[PDB]
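Student: Pasting protein.tsv below, which is TSV, C-alpha atoms and all ligand atoms.
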```
chain	number	residue	atom	x	y	z
A	2	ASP	CA	49.08	36.64	-3.41
A	3	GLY	CA	46.15	34.15	-3.75
A	4	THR	CA	47.87	30.78	-3.32
A	5	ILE	CA	45.45	27.87	-2.87
A	6	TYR	CA	46.45	25.25	-0.28
A	7	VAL	CA	44.83	21.83	0.00
A	8	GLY	CA	45.68	18.39	1.32
A	9	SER	CA	45.47	15.17	-0.66
A	10	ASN	CA	45.07	11.55	0.28
A	11	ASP	CA	48.42	11.07	-1.53
A	12	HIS	CA	50.05	12.46	1.70
A	13	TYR	CA	50.98	15.93	0.37
A	14	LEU	CA	49.92	19.45	1.22
A	15	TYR	CA	49.69	21.29	-2.12
A	16	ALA	CA	50.28	25.00	-2.76
A	17	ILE	CA	48.80	25.90	-6.16
A	18	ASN	CA	49.10	29.26	-7.90
A	19	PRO	CA	45.91	31.04	-9.08
A	20	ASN	CA	46.74	29.93	-12.65
A	21	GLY	CA	46.58	26.24	-11.70
A	22	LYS	CA	50.33	25.61	-11.79
A	23	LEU	CA	52.15	24.07	-8.85
A	24	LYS	CA	53.97	26.35	-6.43
A	25	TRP	CA	55.19	23.56	-4.12
A	26	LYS	CA	54.04	20.37	-2.44
A	27	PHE	CA	55.02	19.19	1.03
A	28	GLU	CA	55.07	15.47	1.83
A	29	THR	CA	53.67	14.37	5.18
A	30	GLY	CA	53.75	10.78	6.40
A	31	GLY	CA	50.11	10.04	5.64
A	32	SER	CA	46.87	11.19	4.08
A	33	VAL	CA	46.08	14.88	4.52
A	34	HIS	CA	42.33	14.95	5.14
A	35	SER	CA	42.55	17.94	7.48
A	36	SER	CA	41.82	21.33	5.89
A	37	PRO	CA	44.60	23.95	6.16
A	38	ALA	CA	44.44	27.20	8.10
A	39	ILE	CA	46.64	30.21	7.37
A	40	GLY	CA	48.17	32.32	10.13
A	41	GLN	CA	48.77	36.06	10.10
A	42	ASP	CA	52.43	35.59	9.12
A	43	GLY	CA	51.49	33.19	6.33
A	44	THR	CA	52.26	29.94	8.17
A	45	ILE	CA	50.04	27.11	6.89
A	46	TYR	CA	48.79	24.64	9.51
A	47	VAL	CA	47.30	21.26	8.65
A	48	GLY	CA	46.81	17.89	10.29
A	49	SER	CA	47.86	14.56	8.81
A	50	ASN	CA	46.82	10.91	9.18
A	51	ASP	CA	50.42	10.39	10.40
A	52	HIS	CA	49.31	11.89	13.80
A	53	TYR	CA	51.07	15.27	13.45
A	54	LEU	CA	49.88	18.84	13.23
A	55	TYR	CA	52.16	20.50	10.67
A	56	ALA	CA	53.22	24.14	10.49
A	57	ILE	CA	54.62	24.88	7.02
A	58	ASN	CA	56.31	28.13	6.02
A	59	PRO	CA	55.06	30.04	2.94
A	60	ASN	CA	58.13	28.74	1.07
A	61	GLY	CA	57.00	25.13	1.55
A	62	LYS	CA	59.61	24.16	4.14
A	63	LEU	CA	58.72	22.68	7.52
A	64	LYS	CA	58.42	25.14	10.41
A	65	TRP	CA	57.55	22.44	12.97
A	66	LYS	CA	55.40	19.36	13.46
A	67	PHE	CA	53.61	18.44	16.70
A	68	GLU	CA	52.94	14.76	17.37
A	69	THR	CA	49.53	13.90	18.82
A	70	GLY	CA	48.47	10.39	19.81
A	71	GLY	CA	46.46	9.68	16.67
A	72	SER	CA	45.32	10.87	13.27
A	73	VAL	CA	44.67	14.58	12.94
A	74	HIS	CA	41.58	14.73	10.71
A	75	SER	CA	40.22	17.83	12.43
A	76	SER	CA	40.99	21.14	10.70
A	77	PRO	CA	42.90	23.74	12.76
A	78	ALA	CA	41.57	27.09	13.91
A	79	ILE	CA	43.77	30.04	14.87
A	80	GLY	CA	43.01	32.31	17.82
A	81	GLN	CA	43.60	36.03	18.16
A	82	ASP	CA	46.88	35.48	20.02
A	83	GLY	CA	48.10	32.93	17.45
A	84	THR	CA	47.19	29.77	19.38
A	85	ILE	CA	46.42	26.88	17.02
A	86	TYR	CA	43.56	24.59	18.07
A	87	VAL	CA	42.94	21.17	16.53
A	88	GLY	CA	41.28	17.91	17.45
A	89	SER	CA	42.92	14.51	17.27
A	90	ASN	CA	41.58	10.99	16.97
A	91	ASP	CA	43.39	10.38	20.28
A	92	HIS	CA	40.30	12.11	21.90
A	93	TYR	CA	42.02	15.41	22.78
A	94	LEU	CA	41.51	18.98	21.69
A	95	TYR	CA	44.99	20.49	21.39
A	96	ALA	CA	45.97	24.13	21.91
A	97	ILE	CA	49.46	24.68	20.46
A	98	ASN	CA	51.55	27.85	20.74
A	99	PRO	CA	52.92	29.44	17.54
A	100	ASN	CA	56.34	27.99	18.44
A	101	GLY	CA	55.01	24.42	18.31
A	102	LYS	CA	55.00	23.83	22.07
A	103	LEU	CA	51.85	22.67	23.85
A	104	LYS	CA	49.70	25.27	25.56
A	105	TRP	CA	47.21	22.67	26.85
A	106	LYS	CA	45.26	19.62	25.77
A	107	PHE	CA	41.70	18.77	26.82
A	108	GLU	CA	40.55	15.14	26.86
A	109	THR	CA	37.07	14.41	25.52
A	110	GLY	CA	35.43	11.00	25.65
A	111	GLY	CA	36.13	10.12	22.01
A	112	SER	CA	37.87	11.01	18.77
A	113	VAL	CA	37.75	14.72	17.88
A	114	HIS	CA	37.11	14.82	14.13
A	115	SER	CA	35.10	18.04	14.31
A	116	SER	CA	37.04	21.25	13.55
A	117	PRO	CA	37.07	23.93	16.28
A	118	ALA	CA	35.48	27.37	16.08
A	119	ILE	CA	36.55	30.31	18.23
A	120	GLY	CA	34.09	32.76	19.77
A	121	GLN	CA	34.65	36.48	20.26
A	122	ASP	CA	35.54	35.92	23.94
A	123	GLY	CA	38.02	33.19	23.03
A	124	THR	CA	35.78	30.23	23.88
A	125	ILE	CA	36.70	27.24	21.70
A	126	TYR	CA	33.83	25.05	20.48
A	127	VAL	CA	34.28	21.56	19.04
A	128	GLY	CA	32.33	18.36	18.61
A	129	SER	CA	33.45	14.92	19.75
A	130	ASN	CA	32.71	11.32	18.74
A	131	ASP	CA	31.44	10.98	22.34
A	132	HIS	CA	28.21	12.79	21.19
A	133	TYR	CA	28.94	16.14	22.91
A	134	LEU	CA	29.52	19.65	21.70
A	135	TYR	CA	32.25	21.11	23.91
A	136	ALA	CA	32.81	24.73	24.92
A	137	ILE	CA	36.34	25.16	26.32
A	138	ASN	CA	37.66	28.30	27.97
A	139	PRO	CA	40.92	29.86	26.66
A	140	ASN	CA	42.69	28.44	29.75
A	141	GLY	CA	41.80	24.88	28.73
A	142	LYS	CA	39.10	24.31	31.35
A	143	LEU	CA	35.64	23.08	30.42
A	144	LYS	CA	33.01	25.80	30.19
A	145	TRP	CA	30.18	23.41	29.30
A	146	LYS	CA	29.33	20.37	27.21
A	147	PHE	CA	26.03	19.70	25.44
A	148	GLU	CA	24.91	16.11	24.79
A	149	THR	CA	23.43	15.32	21.38
A	150	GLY	CA	22.08	11.91	20.45
A	151	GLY	CA	25.08	10.83	18.39
A	152	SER	CA	28.62	11.60	17.32
A	153	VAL	CA	29.33	15.26	16.52
A	154	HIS	CA	31.57	15.17	13.45
A	155	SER	CA	30.16	18.42	12.05
A	156	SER	CA	32.20	21.55	12.80
A	157	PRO	CA	30.41	24.36	14.67
A	158	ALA	CA	29.59	27.79	13.33
A	159	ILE	CA	29.08	30.83	15.57
A	160	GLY	CA	26.42	33.43	14.80
A	161	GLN	CA	26.61	37.18	15.31
A	162	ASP	CA	24.67	36.82	18.58
A	163	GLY	CA	26.86	33.98	19.85
A	164	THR	CA	24.55	31.10	18.90
A	165	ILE	CA	26.54	27.94	18.16
A	166	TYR	CA	25.21	25.75	15.34
A	167	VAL	CA	26.41	22.20	14.73
A	168	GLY	CA	25.17	19.03	13.10
A	169	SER	CA	25.01	15.64	14.77
A	170	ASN	CA	24.97	12.09	13.47
A	171	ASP	CA	21.58	11.85	15.24
A	172	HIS	CA	20.15	13.70	12.13
A	173	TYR	CA	19.61	17.10	13.79
A	174	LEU	CA	21.07	20.54	13.27
A	175	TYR	CA	21.48	22.01	16.77
A	176	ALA	CA	21.33	25.66	17.80
A	177	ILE	CA	22.90	26.12	21.25
A	178	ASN	CA	22.86	29.37	23.23
A	179	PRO	CA	26.11	30.80	24.66
A	180	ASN	CA	25.14	29.31	28.06
A	181	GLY	CA	25.14	25.79	26.65
A	182	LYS	CA	21.36	25.31	26.69
A	183	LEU	CA	19.35	24.11	23.71
A	184	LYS	CA	17.76	26.87	21.67
A	185	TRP	CA	16.30	24.49	19.07
A	186	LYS	CA	17.09	21.37	17.08
A	187	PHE	CA	15.98	20.82	13.47
A	188	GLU	CA	15.40	17.25	12.28
A	189	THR	CA	16.78	16.35	8.86
A	190	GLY	CA	16.31	12.93	7.24
A	191	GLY	CA	19.81	11.67	7.99
A	192	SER	CA	23.11	12.27	9.73
A	193	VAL	CA	24.41	15.85	9.58
A	194	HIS	CA	28.16	15.58	8.98
A	195	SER	CA	28.27	18.79	6.95
A	196	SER	CA	29.37	21.91	8.86
A	197	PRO	CA	26.91	24.82	8.84
A	198	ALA	CA	27.44	28.24	7.28
A	199	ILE	CA	25.56	31.40	8.29
A	200	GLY	CA	24.26	33.88	5.73
A	201	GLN	CA	24.10	37.64	6.10
A	202	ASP	CA	20.42	37.51	7.11
A	203	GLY	CA	21.09	34.76	9.66
A	204	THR	CA	19.93	31.82	7.52
A	205	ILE	CA	21.84	28.66	8.48
A	206	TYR	CA	22.82	26.34	5.62
A	207	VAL	CA	23.92	22.74	6.12
A	208	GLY	CA	24.03	19.52	4.14
A	209	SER	CA	22.56	16.23	5.28
A	210	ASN	CA	23.17	12.56	4.56
A	211	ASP	CA	19.56	12.57	3.27
A	212	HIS	CA	20.88	14.24	0.04
A	213	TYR	CA	19.52	17.75	0.75
A	214	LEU	CA	21.12	21.11	1.32
A	215	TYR	CA	19.01	22.75	4.04
A	216	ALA	CA	18.39	26.44	4.64
A	217	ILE	CA	17.04	26.98	8.17
A	218	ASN	CA	15.70	30.25	9.53
A	219	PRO	CA	17.18	31.62	12.80
A	220	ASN	CA	13.98	30.47	14.57
A	221	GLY	CA	14.69	26.84	13.65
A	222	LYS	CA	11.93	26.55	11.04
A	223	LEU	CA	12.66	25.33	7.52
A	224	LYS	CA	13.36	27.99	4.92
A	225	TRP	CA	13.93	25.56	2.04
A	226	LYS	CA	15.64	22.29	1.20
A	227	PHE	CA	17.33	21.56	-2.13
A	228	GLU	CA	17.65	17.93	-3.24
A	229	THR	CA	20.95	16.80	-4.71
A	230	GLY	CA	21.54	13.31	-6.08
A	231	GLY	CA	23.46	12.01	-3.06
A	232	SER	CA	24.60	12.66	0.48
A	233	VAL	CA	25.79	16.21	1.18
A	234	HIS	CA	28.83	15.83	3.44
A	235	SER	CA	30.59	18.90	2.01
A	236	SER	CA	30.19	22.11	4.03
A	237	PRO	CA	28.63	25.12	2.27
A	238	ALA	CA	30.32	28.41	1.42
A	239	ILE	CA	28.43	31.64	0.76
A	240	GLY	CA	29.36	34.16	-1.94
A	241	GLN	CA	28.97	37.92	-1.76
A	242	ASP	CA	25.68	37.87	-3.71
A	243	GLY	CA	24.33	35.16	-1.41
A	244	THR	CA	24.99	32.18	-3.69
A	245	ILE	CA	25.51	29.01	-1.65
A	246	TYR	CA	28.12	26.54	-2.92
A	247	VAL	CA	28.34	22.94	-1.73
A	248	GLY	CA	29.59	19.60	-2.99
A	249	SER	CA	27.56	16.42	-3.14
A	250	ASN	CA	28.47	12.75	-3.19
A	251	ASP	CA	26.64	12.67	-6.56
A	252	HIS	CA	29.92	14.15	-7.97
A	253	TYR	CA	28.66	17.72	-8.52
A	254	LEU	CA	29.60	21.08	-7.09
A	255	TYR	CA	26.31	22.96	-6.65
A	256	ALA	CA	25.65	26.69	-6.77
A	257	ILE	CA	22.27	27.46	-5.19
A	258	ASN	CA	20.52	30.83	-5.25
A	259	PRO	CA	19.34	32.34	-1.93
A	260	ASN	CA	15.77	31.37	-2.88
A	261	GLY	CA	16.74	27.68	-2.95
A	262	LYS	CA	16.64	27.29	-6.73
A	263	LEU	CA	19.55	25.88	-8.73
A	264	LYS	CA	21.95	28.42	-10.21
A	265	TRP	CA	24.28	25.84	-11.76
A	266	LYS	CA	25.97	22.52	-11.08
A	267	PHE	CA	29.41	21.38	-12.22
A	268	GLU	CA	30.17	17.68	-12.66
A	269	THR	CA	33.49	16.39	-11.37
A	270	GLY	CA	34.66	12.80	-11.80
A	271	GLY	CA	33.84	11.68	-8.26
A	272	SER	CA	32.19	12.49	-4.95
A	273	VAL	CA	32.74	16.06	-3.74
A	274	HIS	CA	33.32	15.75	0.01
A	275	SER	CA	35.73	18.69	0.10
A	276	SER	CA	34.18	22.02	1.17
A	277	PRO	CA	34.47	24.91	-1.30
A	278	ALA	CA	36.47	28.09	-0.79
A	279	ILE	CA	35.71	31.36	-2.60
A	280	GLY	CA	38.51	33.60	-3.86
A	281	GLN	CA	38.60	37.39	-4.01
A	282	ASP	CA	37.64	37.28	-7.70
A	283	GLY	CA	34.78	34.85	-7.04
A	284	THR	CA	36.60	31.71	-8.17
A	285	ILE	CA	35.28	28.62	-6.37
A	286	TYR	CA	37.87	26.01	-5.41
A	287	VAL	CA	36.99	22.49	-4.28
A	288	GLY	CA	38.55	19.06	-4.17
A	289	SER	CA	37.03	15.88	-5.58
A	290	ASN	CA	37.34	12.17	-4.89
A	291	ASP	CA	38.57	11.98	-8.52
A	292	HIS	CA	42.01	13.29	-7.26
A	293	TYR	CA	41.71	16.84	-8.66
A	294	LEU	CA	41.51	20.27	-7.12
A	295	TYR	CA	38.98	22.23	-9.20
A	296	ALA	CA	38.86	25.96	-9.88
A	297	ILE	CA	35.41	26.97	-11.18
A	298	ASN	CA	34.50	30.43	-12.41
A	299	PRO	CA	31.43	32.28	-11.05
A	300	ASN	CA	29.46	31.21	-14.16
A	301	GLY	CA	30.02	27.52	-13.39
A	302	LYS	CA	32.58	26.83	-16.12
A	303	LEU	CA	35.90	25.11	-15.49
A	304	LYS	CA	38.84	27.45	-15.07
A	305	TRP	CA	41.34	24.65	-14.41
A	306	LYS	CA	41.78	21.37	-12.55
A	307	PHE	CA	44.99	20.21	-10.87
A	308	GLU	CA	45.59	16.46	-10.58
A	309	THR	CA	47.02	15.23	-7.29
A	310	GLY	CA	47.93	11.61	-6.63
A	311	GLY	CA	44.81	10.76	-4.63
A	312	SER	CA	41.41	11.89	-3.43
A	313	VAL	CA	41.17	15.52	-2.40
A	314	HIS	CA	38.90	15.38	0.66
A	315	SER	CA	40.67	18.30	2.34
A	316	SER	CA	38.98	21.69	1.94
A	317	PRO	CA	41.10	24.42	0.31
A	318	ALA	CA	42.31	27.61	1.97
A	319	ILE	CA	43.32	30.74	0.06
A	320	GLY	CA	46.30	32.83	1.13
A	321	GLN	CA	46.48	36.61	1.04
A	401	CL	CL	53.29	29.86	-12.46
A	402	CL	CL	35.33	16.52	7.12
```
Please express what this file holds, its structure, as structure tokens.
Tutor:
Amino acid sequence: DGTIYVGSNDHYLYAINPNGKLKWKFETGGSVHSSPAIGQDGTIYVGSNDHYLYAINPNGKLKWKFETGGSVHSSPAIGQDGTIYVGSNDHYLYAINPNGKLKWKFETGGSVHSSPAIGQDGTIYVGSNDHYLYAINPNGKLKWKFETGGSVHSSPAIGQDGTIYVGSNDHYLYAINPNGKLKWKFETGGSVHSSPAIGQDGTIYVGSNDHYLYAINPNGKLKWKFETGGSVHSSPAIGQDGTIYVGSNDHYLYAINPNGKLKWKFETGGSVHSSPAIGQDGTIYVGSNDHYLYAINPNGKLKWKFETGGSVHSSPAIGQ
């Protein structure tokens, strides 16, 4: 099918066809910064600034909405049994059943902006504003928490071997072993809000507020760093040939070769905080602060752009 879903600061969740024409839009009560996740049956889940986690049917009609105590900026993750996990600015990590009833909630010490990741054994990992990376068991009990030096707004990535990687506002990219002990930390020049991505050879890519996209080896030593013109808050995506795509606050979507050299850059009208998604055909989709969702071909030329009513900070998801 190939529908592209993305939130906008104009309060809507958009469903766009691969040709750039609207399928439907669903109005929430507030800005949709959260990035949608798609369940096995096609349900689209997304948080809103209006405090709700939404479940929207493929036809664009509400399935249910679950009210948390504060804005849902965190992006949901879906477990093997269908449980939907999402953080809230009310300080909790929520686990919601597919029917929209609470499974459990776990209180952290601060707002949960970070988006959860799920391990192979069902462990749920998420950062908190309280400076910790949390590992929560499927039953909602704490497994462990790891203290960084600052707020963990970056969303964790899990390696093949179980290593958990996450940025911190203390400027480091952390690699944490499955037991919750530090493996290594890599110092960038500024806060690491960007969420890491792991390449096929284990290279970890992450943006930094210091304007660079970093490639770090599994041993925690620098592979390369590529300088953009502004802070890299967007989270990288990796194509089949190894190309790394990431937005920058300098307004460009970047395509970087595995060797750290520029492949191409595409200029949007505003900062690219949204994190790119790659379609089956290689199309790269990303939002911009200029209000558009962009579809860029593998050669870096514009396929189409779709104007929403406000900034597109949400990161797109592509349906089957
Ligand atoms: Cl159409
Ligand atoms: Cl974000």
Student: Between atom CA of residue A:260 and atom CA of residue A:318, what is the distance in Å, rounded to a tenth?
Tutor: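 These two atoms are separated by 27.2 Å.
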Student: Within 7 Å of (41.1, 27.6, -15.8), only C-alpha atoms: residues as an mmCIF file with C-alpha atoms, keeping the file's coordinate frame?
Tutor:
```
data_model
loop_
_atom_site.group_PDB
_atom_site.id
_atom_site.type_symbol
_atom_site.label_atom_id
_atom_site.label_comp_id
_atom_site.auth_asym_id
_atom_site.auth_seq_id
_atom_site.Cartn_x
_atom_site.Cartn_y
_atom_site.Cartn_z
ATOM 1 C CA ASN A 20 46.740 29.930 -12.650
ATOM 2 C CA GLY A 21 46.580 26.240 -11.700
ATOM 3 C CA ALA A 296 38.860 25.960 -9.880
ATOM 4 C CA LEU A 303 35.900 25.110 -15.490
ATOM 5 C CA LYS A 304 38.840 27.450 -15.070
ATOM 6 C CA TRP A 305 41.340 24.650 -14.410
#
```
Student: So which residues are close to (42.2, 13.7, 12.6), meaning at most 12 Å away in the file's coordinates with only C-alpha atoms counted, and can you show them as a ChimeraX atom specification?
Tutor: /A:31-36,47-54,68-77,87-95,111-116,129-130,154,315
Student: Using all atoms listed in the file, which residues of the polymer chains come no farther than 12 Å from ligand CL 401 (chain A)? I'd like the answer as a PyMOL selection string.
Tutor: chain A and resi 4+16-25
Student: Using all atoms listed in the file, find the one residue out of A:141, A:317, A:83, A:205 that sits nearest to ligand CL 402 (chain A).
Tutor: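 Using all atoms listed in the file, the shortest distance to ligand CL 402 (chain A) belongs to A:317.
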Student: Can you tell me how far atom CA of residue A:58 sits from atom CA of residue A:44, in Å to one decimal?
Tutor: 4.9 Å
Student: Residues within 8 Å of stretch 246-258 of chain A, please, as a PyMOL selection string. Count only C-alpha atoms; anything in the same chain fewer than 4 positions from it doesn't count.
Tutor: chain A and resi 212+229-240+262-277+289+301
Student: One number please: atom CA of residue A:174 to atom CA of residue A:143, in Å, one decimal.
Tutor: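 Taking atom CA of residue A:174 as the start and atom CA of residue A:143 as the end point, the length is 22.6 Å.
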Student: Please list as a PyMOL selection string every residue within 10 Å of stretch 84-86 of chain A, counting all atoms listed in the file and excluding residues in the same chain fewer than 2 positions away.
Tutor: chain A and resi 38+40+46+54+56+75-82+88+94-101+103-106+116-119+125+127+139
Student: Compare A:29, A:195, A:297, A:261 by their minimum atom-to-atom distance to ligand CL 402 (chain A), counting only C-alpha atoms and all ligand atoms, and give me the closest one.
Tutor: A:195
Student: Pick out the closest residue to residue A:279 from this set: A:259, A:291, A:151, A:245. Count only C-alpha atoms.
Tutor: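 Checking each of A:259, A:291, A:151, A:245 against residue A:279, counting only C-alpha atoms, the winner is A:245.
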